2 protein chains.
Amino acid sequence: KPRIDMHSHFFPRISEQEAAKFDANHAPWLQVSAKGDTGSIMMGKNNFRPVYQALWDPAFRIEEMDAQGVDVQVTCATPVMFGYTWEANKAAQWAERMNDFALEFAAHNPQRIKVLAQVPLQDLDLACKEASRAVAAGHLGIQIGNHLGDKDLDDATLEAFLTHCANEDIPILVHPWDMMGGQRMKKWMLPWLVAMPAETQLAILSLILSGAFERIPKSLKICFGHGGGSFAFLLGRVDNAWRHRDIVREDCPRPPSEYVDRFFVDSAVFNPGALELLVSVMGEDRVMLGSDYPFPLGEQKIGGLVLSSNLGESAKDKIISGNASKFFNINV
Amino acid sequence: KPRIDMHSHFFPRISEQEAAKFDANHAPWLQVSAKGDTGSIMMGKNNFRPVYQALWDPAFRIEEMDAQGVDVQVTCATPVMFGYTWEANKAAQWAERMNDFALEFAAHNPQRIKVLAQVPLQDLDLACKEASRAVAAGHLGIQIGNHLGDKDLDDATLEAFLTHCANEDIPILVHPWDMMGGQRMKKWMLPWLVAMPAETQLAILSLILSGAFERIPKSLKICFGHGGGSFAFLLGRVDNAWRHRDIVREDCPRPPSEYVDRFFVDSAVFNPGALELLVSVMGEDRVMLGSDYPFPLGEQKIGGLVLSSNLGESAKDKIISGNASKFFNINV
Ligand SMILES: [Co+2]
Ligand SMILES: [Co+2]
């Protein structure tokens, strides 16, 4: 039973110059210290966030995986890489380049390192083509952000994308990104603590309340990252609203709670009680170990929360290993 | 064994002529049908919200309360009545009129209907007066919105108000309103299902992360409406952030979860799993029965989720009765 950690991120060796050729102001690149141990994601000439070797170096990453007890990691774009606001053809060329970097990263050891691709989701046609190209080149699926500006997952272009993926057997991880909140949540990591869980919840409900699960084939494999946000906990509020209000019930024929059999969530909720309630709502078959390696708010002892739960042995094995193996078809 | 519902709402019997005196376009009033069981809250000459008789009629309410098994009910402003956008002086006099109306509604049976007052929270001076004035007139505390625009509860102006209330032993109920989310939650009541819980979590976290509870006297009686949103379930994430980023730890000298003994939440969470998680977090002494009567999304069998739960008889008596008795000082 190899521990599979199915939610982690990477960032490729791109220089200022290469990024500039796409967008001098908005294309992210990687600055590495002379020493080679630390670095920063840059945007234009500005420091975006500080980072360390494990995000760009697959050999260094292998050492930490050994140290952690992680046998297989699935890793994908850092969300600042998405480029969802750029011109389509440019975002397409970018996506391909990033996905190639991701394959080259995993080529260091394709047994223990699996990658998901990004897509120019602003353009449905180009997004489908990149999704297919990348999977047929080695990627085990796609990571998308959870919205495109004012477009949420109920949007016909995003629904059409999920449907293409269901049709071609391409798993999706939905990652919250580009957080709401306007001006309100600047200090103390509030976008991460408030807006992010709200974003993921909104993605799920957008699928549910629009009736989109009635249209998307049941074969779609889709996981919502970062514990599904606050979804599991406020689901009661949503069923209540659906039972008692026309406008809530209108596009959604079955109790919202019944739609949990249509998706997955990762396990990153940082609390025993939250995990227990997460597993209660979703069922043990629908929660997968994800850490958010190698960022600093990520689970520092990968799998620790699950292995130390008062869940059954049966269930623990599915969450740390079983489910993702099936979900991503990583042949154990 | 007396049942106390501490979260319900009311709307006064204001004539269109009396409303137009404050603001012909933005000041809320009540239109009542022939039969006398139907109404609309209006904004000028437009239908703002359709409402039913229990919202404005004490006699009718007094009877649903008899039907429901609720001995005492705390009631307060519908958030449309807040008028936080108004000019400080126009609001002060609006607040007083709403609060004279609230005391009239209470006077129909002051043993069973208790009231909280609204305040012109935009101007500190006028809000403190109205608070002390309203309480001494018979109000048991105040209801405040969770934010004013981008001033969250970490705003020093708002702190001072919380502290002014603390020393007068004026209890406060913090209610979500004016939900974040802009152009993104237009259907299926998503403001209420996504933004509302996030607002309330924000409100709590701005107190904890800013260090406000270090500076507000422990005598503060403050309660966060609607279960405190997603607060209890996301709390583990908050501690994780605190432990791993020193910017989260800067004004918050102890782990964020330690401050749970500084506030209360109501019980309105619509799921037994969620109720259990909520109590586990807050403690059985810090959760009060609130229904959100008489709104359609309000609990239909008031007390029903608590009374059917797997909690002990001791826990149930505190939530239904014990806690709210002490908090609002309603003597049995
Ligand atoms: Co992540
Ligand atoms: Co309410």
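Residues numbered from 1 in each chain as written, not as in the entry; some residues may be left out. Chains lettered and ligands numbered in written order. Heavy atoms only, no water.

Going by the header, the method for this PDB entry is X-ray crystallography, and the resolution given is 2.500 Å.

Enquirer: Any chance you could explain the overall build of chain A here in plain terms?
Expert: Helix and strand content of chain A: 12 helices and 11 strands. For a compact globule of 332 residues, the expected C-alpha radius of gyration is about 20 Å, and chain A comes in at 19 Å, within 12% of that figure. Along the first, second and third principal axes, the C-alpha set of chain A runs to 60 × 45 × 45 Å. The 332 residues of chain A split such that 61% are buried. Partitioning the intrachain contacts of chain A with sequence separation of at least 6 by distance along the chain shows that 68% fall at a separation of at least 24. As presented, chain A carries roughly 12500 Å² of accessible surface, and 48% of it is formed by carbon and sulfur atoms. Where the 32 positive side-chain charges of chain A centre and where its 41 negative ones centre are 3 Å apart. (Helix = DSSP H or I, 4+ residues; strand = E, 2+ residues; numbered from the N terminus. Rg over C-alpha atoms; globule rule 2.2 N^0.38 Å. Buried < 20%, exposed > 50% of the residue type's maximum accessible area, 1.4 Å probe, protein only. Contact = heavy atoms within 4.5 Å. Areas by Shrake-Rupley, 256 points an atom, 1.4 Å probe, with all protein chains shown as cover. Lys, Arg positive; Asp, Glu negative; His and termini not counted. Charge placed at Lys NZ, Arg CZ, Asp CG, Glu CD.)

Enquirer: Help me out: how do you make sense of the coordination of the cobalt ion (ligand 2) in this one?
Expert: Octahedral metals with six donors have ideal donor angles of 90 or 180 degrees. Tetrahedral metals with four donors have an ideal donor angle of 109.5 degrees. All names here are of chain B. Those donors, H7 (NE2), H9 (NE2), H175 (NE2), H226 (NE2) and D292 (OD), are the protein atoms that reach the cobalt ion (ligand 2), and they lie 2.1 to 2.5 Å from it. Each donor residue of the cobalt ion (ligand 2) belongs to the same chain, and together they define the spacing H-x1-H-x165-H-x50-H-x65-D. Placement of the pair is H226 in the loop between β9 (222-224) and α8 (231-244) and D292 in the loop between β11 (287-288) and α10 (304-307), with a sequence separation of 66 residues. (Donors = N, O, S within 2.8 Å, 3.2 Å for Na, K, Ca; no water.)

Enquirer: Explanation requested: the coordination of the cobalt ion (ligand 1) in the structure shown.
Expert: Ligation of the cobalt ion (ligand 1) by protein atoms is provided by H7 of chain A (NE2), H9 of chain A (NE2), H175 of chain A (NE2), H226 of chain A (NE2) and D292 of chain A (OD), these donors lying 2.1 to 2.4 Å from the ion. Ordering the donors of the cobalt ion (ligand 1) by residue number gives the pattern H-x1-H-x165-H-x50-H-x65-D.

Enquirer: How should I be thinking about the interface of chain B and chain A in this particular structure?
Expert: Often, the extent of an interface is quoted as the loss of accessible area upon association of its parts. The interface is formed by 50 residues belonging to chain B together with 53 residues belonging to chain A. The shortest N-O distance in the salt bridge between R184 of chain B and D152 of chain A comes to 2.7 Å. Among the elements of the structure, α6 (190-210), α8 and α9 (272-282) of chain B are those that each provide at least two residues to the side of chain B that touches chain A. When residues of the side of chain B that touches chain A are assigned to their parent elements, the largest contribution, 12 residues, is made by α6 of chain B. (Salt bridge = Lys/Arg side-chain N within 4 Å of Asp/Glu carboxyl O.)

Enquirer: Would you take a moment to explain the sheet that holds β9 of chain B for this structure?
Expert: The strands making up a sheet associate through backbone hydrogen bonding, with each pair oriented either parallel or antiparallel. Residue and element names in this part refer to chain B. Read from one edge of the open sheet, 5 strands run β7-β8-β9-β10-β11, paired in parallel fashion. Only two strands of the sheet have a single neighbouring strand rather than two, namely β7 (142-145) and β11. As paired strands, β7 and strand β8 (residues 172-175) are joined by 4 bridges and run parallel to one another. Looking at the pairing, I142 lines up with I172 of β8. (Pairing = 2+ DSSP bridges.)

Enquirer: Please clarify how helix α3 (residues 88-107) of chain A should be interpreted in this entry.
Expert: Because each turn of an α-helix spans 3.6 residues, side chains separated by three or four positions in sequence point in the same direction. Its 20 residues place the ends of α3 of chain A 28 Å apart at the C-alpha level, agreeing with the 28 Å of an ideal helix rising 1.5 Å per residue. Looking at where α3 of chain A begins, the residue whose side-chain oxygen comes 2.9 Å from the main-chain nitrogen of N89 of chain A is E87 of chain A. (Expected span 1.5 Å × (residues − 1). Polar contact = N/O pair within 3.5 Å; in protein donor to acceptor, adjacent residues only side chain to side chain.)

Enquirer: Even after reading the chapter, I still don't get the sheet that holds strand β5 (residues 72-77) of chain B, so can you show me in this structure?
Expert: Residue and element names in this part refer to chain B. Reading across the sheet, the 3 strands line up as β1-β5-β6 and stay open at both edges, with parallel pairing between neighbours. Each edge of the open sheet carries a strand with a single partner, namely β1 (4-10) and β6 (113-115). In this sheet, adjacent strand axes meet at a mean angle of 35° when their direction is disregarded. Sheet topology note: the β5/β6 ladder contains 3 bridges and is parallel. Residue pairing in the sheet places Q73 in a bridge with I113 of β6. Sitting on the sheet, helix α11 (residues 313-328) touches β1 and β5, and the angle it makes with β1 is about 65°. (Axes fitted to C-alpha atoms, helices over the stretch in contact; angles between N-to-C directions.)

Enquirer: How should I be thinking about the packing of helix α10 (residues 272-282) of chain A against α9 of chain B in this particular structure?
Expert: When two helices pack together, you describe them by how their axes are tilted relative to each other and by the distance separating the axes. Across the interface, α10 of chain A lies against α9 of chain B with an axial gap of 10 Å and an inter-helix angle of 175°. In terms of axis orientation, α10 of chain A runs roughly antiparallel to α9 of chain B. Residues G273, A274 and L277 of chain A of α10 of chain A pack against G273, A274 and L277 of chain B of α9 of chain B. Taken together, the residues of the contact of α10 of chain A with α9 of chain B sort by class into 4 nonpolar, 2 polar and no charged. (Parallel < 35°, antiparallel > 145°, perpendicular 65-115°, else oblique. Nonpolar A, V, L, I, M, F, W, Y, C, P; charged D, E, K, R; others polar.)

Enquirer: Please clarify how the UniProt feature "binding site: Zn(2+)" (unreviewed entry) in chain A should be interpreted in this entry.
Expert: All names here are of chain A. When the UniProt feature table is mapped onto this chain numbering, "binding site: Zn(2+)" (unreviewed entry) sits at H7, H9, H175 and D292. Despite a sequence span of 286 residues, these residues sit close together in the fold, their greatest C-alpha distance being 11.1 Å. Looking at where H7 falls in the secondary structure, it is placed in strand β1 (residues 4-10). What makes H7 buried here is its relative accessible area of 1%. (UniProt positions renumbered as here; feature names shortened; annotations may be inferred.)

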